[PDB]
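Enquirer: If you read the sequences in order, they're chains A, B, C, D, E, F, G and H. When the letters of the first sequence are read in order and numbered with the UniProt record's numbering, they come out as residues 10 to 132. When the letters of the second sequence are read in order and numbered with the UniProt record's numbering, they come out as residues 10 to 139. When the letters of the third sequence are read in order and numbered with the UniProt record's numbering, they come out as residues 10 to 132. When the letters of the fourth sequence are read in order and numbered with the UniProt record's numbering, they come out as residues 10 to 139. When the letters of the fifth sequence are read in order and numbered with the UniProt record's numbering, they come out as residues 10 to 139. When the letters of the sixth sequence are read in order and numbered with the UniProt record's numbering, they come out as residues 10 to 132. When the letters of the seventh sequence are read in order and numbered with the UniProt record's numbering, they come out as residues 10 to 139. When the letters of the eighth sequence are read in order and numbered with the UniProt record's numbering, they come out as residues 10 to 132.
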Amino acid sequence: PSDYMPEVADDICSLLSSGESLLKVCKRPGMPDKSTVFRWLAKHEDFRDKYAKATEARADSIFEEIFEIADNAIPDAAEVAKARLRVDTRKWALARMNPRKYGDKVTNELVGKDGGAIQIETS
Amino acid sequence: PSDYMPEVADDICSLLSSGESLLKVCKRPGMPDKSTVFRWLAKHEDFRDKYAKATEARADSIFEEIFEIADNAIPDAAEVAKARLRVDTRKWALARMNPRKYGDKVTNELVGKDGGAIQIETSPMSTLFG
Amino acid sequence: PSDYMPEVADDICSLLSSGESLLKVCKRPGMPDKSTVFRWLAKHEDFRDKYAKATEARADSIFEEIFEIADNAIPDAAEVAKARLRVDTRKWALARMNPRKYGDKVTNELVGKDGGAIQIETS
Amino acid sequence: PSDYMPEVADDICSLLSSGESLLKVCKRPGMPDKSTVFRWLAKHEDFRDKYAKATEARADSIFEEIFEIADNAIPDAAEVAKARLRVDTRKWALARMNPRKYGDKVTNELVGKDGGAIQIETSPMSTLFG
Amino acid sequence: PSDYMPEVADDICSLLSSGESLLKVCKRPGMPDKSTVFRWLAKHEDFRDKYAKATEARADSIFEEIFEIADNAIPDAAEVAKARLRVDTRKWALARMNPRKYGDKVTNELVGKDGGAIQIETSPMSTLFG
Amino acid sequence: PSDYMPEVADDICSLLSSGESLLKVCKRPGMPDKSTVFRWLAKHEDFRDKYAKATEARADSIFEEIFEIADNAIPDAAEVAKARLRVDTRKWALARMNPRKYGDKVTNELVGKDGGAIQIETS
Amino acid sequence: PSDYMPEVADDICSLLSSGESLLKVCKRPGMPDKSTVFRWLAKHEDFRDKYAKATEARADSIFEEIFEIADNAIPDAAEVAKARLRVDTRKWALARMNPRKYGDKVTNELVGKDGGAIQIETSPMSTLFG
Amino acid sequence: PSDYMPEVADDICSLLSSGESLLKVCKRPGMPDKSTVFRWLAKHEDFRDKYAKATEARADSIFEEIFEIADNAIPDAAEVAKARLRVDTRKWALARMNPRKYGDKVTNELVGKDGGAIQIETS
Numbered sequence: 010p011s012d013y014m015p016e017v018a019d020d021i022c023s024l025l026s027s028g029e030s031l032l033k034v035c036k037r038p039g040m041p042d043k044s045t046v047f048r049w050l051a052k053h054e055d056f057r058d059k060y061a062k063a064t065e066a067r068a069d070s071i072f073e074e075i076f077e078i079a080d081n082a083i084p085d086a087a088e089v090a091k092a093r094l095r096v097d098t099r100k101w102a103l104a105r106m107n108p109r110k111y112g113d114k115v116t117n118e119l120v121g122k123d124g125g126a127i128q129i130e131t132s
Numbered sequence: 010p011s012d013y014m015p016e017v018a019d020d021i022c023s024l025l026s027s028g029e030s031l032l033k034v035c036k037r038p039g040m041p042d043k044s045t046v047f048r049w050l051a052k053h054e055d056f057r058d059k060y061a062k063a064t065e066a067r068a069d070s071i072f073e074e075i076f077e078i079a080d081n082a083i084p085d086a087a088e089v090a091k092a093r094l095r096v097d098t099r100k101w102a103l104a105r106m107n108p109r110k111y112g113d114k115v116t117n118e119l120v121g122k123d124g125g126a127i128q129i130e131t132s133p134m135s136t137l138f139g
Numbered sequence: 010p011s012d013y014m015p016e017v018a019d020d021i022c023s024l025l026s027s028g029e030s031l032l033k034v035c036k037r038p039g040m041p042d043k044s045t046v047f048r049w050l051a052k053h054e055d056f057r058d059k060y061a062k063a064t065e066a067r068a069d070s071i072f073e074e075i076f077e078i079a080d081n082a083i084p085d086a087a088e089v090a091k092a093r094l095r096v097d098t099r100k101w102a103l104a105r106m107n108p109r110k111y112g113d114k115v116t117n118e119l120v121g122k123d124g125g126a127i128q129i130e131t132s
Numbered sequence: 010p011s012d013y014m015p016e017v018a019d020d021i022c023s024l025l026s027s028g029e030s031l032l033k034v035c036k037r038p039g040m041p042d043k044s045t046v047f048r049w050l051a052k053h054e055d056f057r058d059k060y061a062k063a064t065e066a067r068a069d070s071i072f073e074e075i076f077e078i079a080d081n082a083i084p085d086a087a088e089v090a091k092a093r094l095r096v097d098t099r100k101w102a103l104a105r106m107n108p109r110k111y112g113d114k115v116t117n118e119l120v121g122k123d124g125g126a127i128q129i130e131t132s133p134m135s136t137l138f139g
Numbered sequence: 010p011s012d013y014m015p016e017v018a019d020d021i022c023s024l025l026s027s028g029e030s031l032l033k034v035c036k037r038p039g040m041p042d043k044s045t046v047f048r049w050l051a052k053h054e055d056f057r058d059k060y061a062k063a064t065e066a067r068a069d070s071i072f073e074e075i076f077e078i079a080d081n082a083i084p085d086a087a088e089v090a091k092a093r094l095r096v097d098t099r100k101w102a103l104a105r106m107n108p109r110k111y112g113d114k115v116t117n118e119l120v121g122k123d124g125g126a127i128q129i130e131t132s133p134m135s136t137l138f139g
Numbered sequence: 010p011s012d013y014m015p016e017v018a019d020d021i022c023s024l025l026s027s028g029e030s031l032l033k034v035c036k037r038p039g040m041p042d043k044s045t046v047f048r049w050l051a052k053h054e055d056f057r058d059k060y061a062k063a064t065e066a067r068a069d070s071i072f073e074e075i076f077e078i079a080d081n082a083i084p085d086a087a088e089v090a091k092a093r094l095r096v097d098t099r100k101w102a103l104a105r106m107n108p109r110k111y112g113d114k115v116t117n118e119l120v121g122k123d124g125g126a127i128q129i130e131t132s
Numbered sequence: 010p011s012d013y014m015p016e017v018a019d020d021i022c023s024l025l026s027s028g029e030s031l032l033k034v035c036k037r038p039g040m041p042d043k044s045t046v047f048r049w050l051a052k053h054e055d056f057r058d059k060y061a062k063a064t065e066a067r068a069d070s071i072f073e074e075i076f077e078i079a080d081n082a083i084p085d086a087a088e089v090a091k092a093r094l095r096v097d098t099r100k101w102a103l104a105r106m107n108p109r110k111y112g113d114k115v116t117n118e119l120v121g122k123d124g125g126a127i128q129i130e131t132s133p134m135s136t137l138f139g
Numbered sequence: 010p011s012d013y014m015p016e017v018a019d020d021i022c023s024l025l026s027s028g029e030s031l032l033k034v035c036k037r038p039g040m041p042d043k044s045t046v047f048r049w050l051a052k053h054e055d056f057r058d059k060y061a062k063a064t065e066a067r068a069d070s071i072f073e074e075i076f077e078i079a080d081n082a083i084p085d086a087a088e089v090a091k092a093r094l095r096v097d098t099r100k101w102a103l104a105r106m107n108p109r110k111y112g113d114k115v116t117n118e119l120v121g122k123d124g125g126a127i128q129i130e131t132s
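1) Please go through the same chain and pick out, in chain order, the residues whose beta-carbon is closer than 8 Å to the beta-carbon of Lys52 of chain D, but skip the five residues on each side of it.
2) Going along chain G in order, which residues have a C-beta closer than 7 Å to the C-beta of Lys36 of chain H?
3) For the alpha helix (DSSP H) that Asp55 of chain G lies in, which residues bound it at each end?
4) For the beta strand (DSSP E) that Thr131 of chain H lies in, which residues bound it at each end?
5) Would you verify that the beta carbon of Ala86 of chain F is, or is not, closer than 9 Å to some beta carbon of chain E?
6) Using CA atoms only, rank isn't needed, just tell me which of C:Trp49, C:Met40, C:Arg57 and C:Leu25 is closest to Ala68 of chain C.
7) If we count the other Cβ atoms within 10 Å of its Cβ and call it buried at 16 or more, is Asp97 of chain B buried or exposed?
8) For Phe138 of chain G, collect the residues of the same chain with a Cβ closer than 8 Å to its Cβ; drop the 5 residues on either side in sequence, then sort them by chain order.
9) Can you confirm whether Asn81 of chain G, when its beta carbon is compared against all beta carbons of chain H, has any partner nearer than 9 Å?
10) Considering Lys122 of chain C, what are the terminal residues of the beta strand (DSSP E) in which it resides?
11) Which partner residues of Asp113 of chain C appear in the DSSP bridge assignment?
12) Within 9 Å (strictly less), CB to CB, does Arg105 of chain E reach chain H?
13) Can you confirm whether the segment 92-108 of chain H touches the segment 48-62 of chain H when touching is taken to mean that 3 or more C-beta pairs between the two stretches lie within less than 8 Å?
14) Between which two residues does the alpha helix (DSSP H) containing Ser26 of chain E stretch?
15) Between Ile127 of chain D and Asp123 of chain F, what straight-line distance do the alpha-carbon atoms span, to the nearest angstrom?
16) DSSP three-state label for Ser30 of chain D, please.
17) Spatial neighbours of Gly121 of chain D within its chain, please: C-beta separation below 7 Å, excluding the five flanking residues on both sides.
18) My assumption, with CB atoms under 8 Å, is that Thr116 of chain G sits in contact with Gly112 of chain F. Please give the rounded CB distance.
19) Quick one: grab the DSSP three-state call for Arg37 of chain E.
20) Taking the C-alpha atoms as reference points, what is the distance between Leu32 of chain A and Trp101 of chain A?
21) Establish whether the CB of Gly112 of chain G and some CB of chain D are separated by less than 9 Å.
22) So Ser70 of chain E and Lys43 of chain H are in contact, right, with Cβ under 8 Å, and what is the actual spacing, rounded?
23) Rounded to a whole number of angstroms, what is the C-alpha to C-alpha distance between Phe76 of chain C and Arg99 of chain C?
24) With a cut-off of 9 Å, does the C-beta of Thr64 of chain C fall near any C-beta of chain H?
25) Show which residues of chain G have a CB atom less than 8 Å away from the CB atom of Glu130 of chain D.
26) Strictly below 9 Å CB to CB, what residues from chain F border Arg109 of chain A?
27) Give the DSSP-derived three-state secondary structure of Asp42 of chain C in the structure shown.
28) Comparing the C-beta of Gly124 of chain H with each C-beta of chain E, is any distance below 9 Å?
29) Is it buried or exposed for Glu73 of chain A, if we count other Cβ within 10 angstroms and need 16 for buried?
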């Protein structure tokens, strides 16, 4: 299949929301390929809408998945290394799926020379 | 369990508050699967509010837990690597669960050229960037 | 036990102050569980007060503990790796227990293009 | 193939859009070598515009691919190290292919001395920095 | 030793000034335990002031010590890893003991779009954030 | 050879553009040495021009090279370590060859205390 | 060689310009020891100016050298680790030799709360910080 | 010895300038101990002067030392690890000995949302 289908568009959003990679999604029988989905993502606002939301939902699912990957890692060198890679990939990706929620968090206390006020000279 | 059940939702919040992760909670007897919990969250504001509070408590619980995971790590290479992964995952997650409390902390002493004042020159716009 | 007790609240602050994790604290006979303590932390300002101070005191204790963990590490691969993890966990936690004191420290010399003045155009 | 051929250029854009890297594409049958592609880019605006669009699509494709590379890594030390290298290279590249979407994300809570307001003192210039 | 004893406190300050850590100092003959030292600090301003000075001196001493720990490390894997841990711990601690002297140092050349001036557009508040 | 030659200057830019290190370039028969090239880079604006452009072109070539180095690494510990070093060196260098294009990318959401407005007091 | 000798100083500048490090240069036949070179630098402005130029050239030379060190690394664990150390040392040094050219490069897209404008509230000073 | 001596103060500055750690300096026969030197550093401006300069000179010496440590490292795992630690310690220390010269260097291109102008609202 490779034609626009609202019912598969929905079906797509559901699997994504559950955390499943789009690759592992389209790889399903009767489903549009990645390329087609990205094509639709440029010809269906009604889709781009259900996709952005599904992406934030997918992130929330992945957030819980990282605890399981870390905690249930097989205590073998290569397996722990693989688990670390799976977790690091997800952490990095979550920040891009929902920046406001999963991006880095820093509090910067801004002070001037020697802890005094910030000194500025203007021209 | 597919239908929204307040009593089970309440239990979920209590377990999360104590530091347990959602996927682990959903494996307990009589608990809805994760997909179902997210669905409940999506359609029940009462649960969302209580879950947000549970998330704050969960972070405070994990903050104490990371000391235990590190200190009690079996002194075996792979076991220490796994303990490190479990701690790093929690550290990262804590900052997102409560950014104000658990985000990074930096004090930046801001100075200018050669340790003097910060030198700023303002000029009229040279291009149409408005 | 699981009722409010000012005497155990104090007892709690003491162990914390010495650097002991709350987990290893409540784990003591007759002591309230973590959950209860966090509950109290929302029903006793008189407690929230003695707890915030105890947390800064606990940090000061942990600060000295990291030198001992590093310097007395058994010179074996896994043991040194464990010692590093114990130290890294404490360093990260100290910044959160007392941000002004244990957070990162940076001095930024701010200059403009080519070392000249910072150039700004406003609209 | 040395002469600019729109049909081959179009194919290149489609392959890149799907996530394939340029050097790998140039190894396919009938494809121009990399140097030639860069030359085509240099002298054909039509190709440059379509290639820029293909780059955006390529990044979206690699973003999904990194999950697969990590999750399907053979659990062997060297194989995991290679998977990690393949993922780190893609992460770095994604930020450059689409900075807005894939660059780092940070929220900075800015406060001043002791958690109060940011203290700023302005003074007349003390040196000729204009 | 539980009662506050100025002479012992003075000794503690001298030892710390030379670079020794508090827990190691407290293991010496006749020294109060760490908990006791913190208690003394809490209730004797004279000791707190002298201890703060001792902390500055301690940092200057550790700054020289890190070169020695690195340079004299036994060339054995675990021994080098331990030396690295001892040095990293000291580096981190130095910045906190004397932020002005030992914090990170960065020079940021600040420029605007395309290397030109920093472009700023000011607008009236669009939301009630005051 | 060690005299100014526009034809070798061009020849130089070509190899660079293809991604080849200047070292591996001058190392070619009849070609000026590195030192001489850097000398020319201070006596031929017509050269400094064709060189800056060639450097940005070289970066674009290297950008594609890193995917090949990573993906085709021999799955052996030392070989993967070498591949990682080759890639890391190139990533670092690309940012310097074309800063606007290959430098780090960060989006900073700037907010004030507790997520409110940034509080500033001036004197 | 202890006395300042322009011809030897000139040679030093040429060697450094080509990428050689000072300690290695000082091991060559007839060269002054490092301490002596620093002494010459201290008291001869002519040498300092030429040495500063040589430093810029040295950095441009090392920039090309790092590709070679990485690409030609013997594929042996310790040899690759040493190559990595040699490259990391040069990267760090390059930024200091020519900060403008070799320092880190970052583009920061600055936005405010929720992706909107940066919200700033100014207030009268509440403490004597002038 | 443990009395103020201008001649040993000078002797001190010389060794430091050559890059030698103060520890390895005082450890010399007839020389004041570290503690005493730090004491003098608070009772002799004439000393604090010759010391700050010596520290910047020491940094310049150490800067050249790191190339030698890296390039001449014995190609053995532990020896390379030790060499890396010696170099990392020196890099970190150089930034503190001369911040303006050896501190980190970053050029930040500051832009606003979507690459447009930086948007600011004031109250």
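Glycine included, every Cβ here is placed at the ideal spot set by N, Cα and C.
Expert: Looking at the coordinates:
1) Closer than 8 Å at Cβ, skipping near neighbours: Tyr13.
2) The contacting residues do not exist; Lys36 of chain H stays about 20 Å from chain G at best.
3) Run containing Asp55 of chain G: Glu54 to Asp80, per the alpha helix (DSSP H) assignment.
4) Where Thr131 of chain H is concerned, the enclosing beta strand (DSSP E) stretches over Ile127 to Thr131.
5) No, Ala86 of chain F does not count as interfacial toward chain E.
6) Nearest C-alpha to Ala68 of chain C: C:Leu25.
7) Its Cβ being crowded by 16 or more others within 10 Å, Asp97 of chain B is buried.
8) Answer for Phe138 of chain G: no residue qualifies.
9) Output row for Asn81 of chain G: interface = no.
10) Taken as a continuous stretch (DSSP letters only), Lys122 of chain C belongs to no beta strand (DSSP E), as it is neither H nor E.
11) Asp113 of chain C pairs with B:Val115.
12) Answer no: the Cβ-Cβ gap between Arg105 of chain E and chain H never drops below 9 Å.
13) No, the segment 48-62 of chain H does not touch the segment 92-108 of chain H.
14) It spans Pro15 to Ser26 - the alpha helix (DSSP H) in which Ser26 of chain E sits, taken as one unbroken run.
15) Each residue's Cα considered, the two are about 14 Å apart.
16) Note: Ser30 of chain D maps to coil in three-state DSSP.
17) Exclusion of the five residues before and after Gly121 of chain D leaves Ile127 and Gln128 as the residues of its chain whose Cβ lies within less than 7 Å of its Cβ.
18) That pair is a contact at about 6 Å.
19) Coil.
20) Take the alpha-carbon of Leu32 of chain A and the one of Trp101 of chain A: they are about 18 Å apart.
21) Chain D places no beta carbon closer than 9 Å to that of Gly112 of chain G, leaving this residue out of the contacts.
22) With 8 Å as the limit, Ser70 of chain E and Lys43 of chain H qualify as a contact, their Cβ atoms being about 6 Å apart.
23) Roughly 11 Å separates the two Cα atoms.
24) Taking Cβ atoms only, chain H never reaches closer than 9 Å to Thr64 of chain C, which makes this a no.
25) Residues of chain G with a Cβ closer than 8 Å to the Cβ of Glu130 of chain D are, in chain order, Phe138 and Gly139.
26) Result: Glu118.
27) Looking at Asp42 of chain C - three-state DSSP - the assignment turns out to be coil, as it is neither helix nor strand.
28) Interface residue (Cβ-Cβ distance to chain E less than 9 Å): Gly124 of chain H is classified as such.
29) Around the CB of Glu73 of chain A, 16 or more other CB atoms lie within 10 Å, so the residue is classed as buried.
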